[PDB]
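Heads up, the chain below is alone and in the form deposited in one PDB entry; it's given as structure tokens.
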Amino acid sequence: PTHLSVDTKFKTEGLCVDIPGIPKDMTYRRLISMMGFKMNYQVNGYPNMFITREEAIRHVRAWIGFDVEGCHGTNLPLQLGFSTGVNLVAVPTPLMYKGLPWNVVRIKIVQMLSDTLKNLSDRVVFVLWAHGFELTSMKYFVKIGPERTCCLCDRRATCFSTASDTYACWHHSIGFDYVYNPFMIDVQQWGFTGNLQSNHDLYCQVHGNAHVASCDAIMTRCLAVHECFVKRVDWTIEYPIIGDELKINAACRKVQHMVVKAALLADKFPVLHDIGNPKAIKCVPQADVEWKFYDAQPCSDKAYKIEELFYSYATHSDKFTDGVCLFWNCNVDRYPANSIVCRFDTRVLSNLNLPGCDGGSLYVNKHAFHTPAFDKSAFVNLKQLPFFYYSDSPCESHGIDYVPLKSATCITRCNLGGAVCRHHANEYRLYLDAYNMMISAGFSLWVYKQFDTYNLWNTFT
């Protein structure tokens, strides 16, 4: 019960316009054969081209929407569309490209998938709303066989060259002409009524149809992400490390302690309302304040309405207007003015951030968190939190070479007294590095308007 059995049934109703007469009774085994491939009863780690929803979900970083449309099968030119927004035209003889034979079109397909996937995944998962021409066009740019390794490294092979008779991973595939052991999944097997557009458009206003292949390709992956990460959410699934996940997570813990510790020292709030992750611990355990926790899961769909988060069954609702509210990745429509806020900017370009549904994004760092579209209007009662470092810790090296530090934002006893000590200079530069890691990773920080670092200087006297 791990891999999809080739003897599992495939519903063929979706195929019967491109492929009139298709059997109603069809397995993957007979489908794969009809697509022109031979699985030669092989136990070499590639039991099926098609995969389970669960396997697709574990390999979300690999998803590429794929769609083909008749343009004017062997007779006529095909439009090949990918969720990268690329459209190629193959002949048998937003980016749109002119008609070319399969022998060159297939080279472009390897280049495009390699550049897209090399920093994301060991594989490709073609995500389909299958009507026939996509499945019957794969023989023109795919080869299958036993699992294999790169000729230049230890990564599993994803490409093949007919020039050299060799195999490559995504990193090493320059000049390769065939996709090797792709995976794929037909969204239409999941139990949907009506066409792609009419299902996509229930959930997403951001992707339009121009009746071109890359738009269906984009809409297909959008609808898949909706089904697997918005309506359904499995926070048990771990995902591999592929970048700065560990540094970014550590940065986030450091900045949070810094910012909340400072907020308490500056304005001496008697109560902090900690709204979000129900696992959460006091980020400033030594602080003087009444720490009151409030449970809420990541909203993956729409931002929480502050009205419904606080004052539903307001049967003596807690005084959320007293003290300060901490929303650490707890997304609401409009934050109260007495708030400290970390909010992920869905618009960021990174290897951890994949395009999502209805202007939102899928942030994959240890877990997958689909995140509602970033909206500036959420922050109207707040301001951007300016950078600063604060320490009450004694000046004392205990031991990373030095250039004497000058900064207006180094809030320490030493800088008050004129000259930053070596210890606080190291800590300052380390904290600035963490802070920049975090920001570039896409997190944005916002605070109550009365917040002023000038108030921190009187905590040394």
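For every residue, the number given is its place in the sequence shown, counted from 1.
Checked against the other entries of this protein, residue 193 counts as resolved in every one of those spanning it, not missing from a third of them. Compared with other PDB entries of the same protein, residue 315 is missing from at least a third of those that resolve the residues around it. The stretch of deposited sequence separating residue 315 from residue 316 contains no residues lacking coordinates in this entry. The deposited sequence places no unmodelled residues between residue 418 and residue 419, so the chain runs continuously there.
For the segment pair 421 to 429 and 37 to 45, the entry gives 37 to 45 the higher mean B-factor, averaged over Cα atoms. The stretch with the higher mean CA B factor, choosing between 163 to 171 and 178 to 186, is 163 to 171. Out of 96, 125, 373, 110, it is 96 whose C-alpha atom has the highest B-factor in the PDB entry.
If you compare the C-alpha temperature factors of 115, 295, 308, 345 in the entry, 308 comes out highest. The PDB entry assigns residue 441 a C-alpha temperature factor belonging to the middle third of its chain's modelled residues. In this PDB entry, the Cα temperature factor of residue 55 sits in the middle third of its chain's modelled residues. Among all modelled residues in this chain, the alpha-carbon of residue 101 has a temperature factor (C-alpha) in the lowest third. When all modelled residues of the chain are sorted by CA temperature factor, residue 29 is found within the lowest third. Among the modelled residues of its chain, residue 320 has a C-alpha B-factor that falls in the highest third, as given in the PDB entry.
Below, we refer to the form deposited with a small molecule bound, which is not included among the displayed structures.
Shown without its partner, this chain lists 157, 223, 185, 213 as candidates; in the bound PDB entry, only 213 has a non-hydrogen atom within 4.5 angstroms of the small molecule. Of the residues given (391, 114, 79, 199), 79 alone sits with a heavy atom within 4.5 Å of the small molecule in the bound PDB entry. Not displayed here, the small molecule is kept clear of residue 151 by more than 4.5 Å at the level of heavy atoms in the bound PDB entry. Although the partner is absent here, residue 174 sits far enough away that none of its heavy atoms falls within 4.5 Å of the small molecule in the bound PDB entry.
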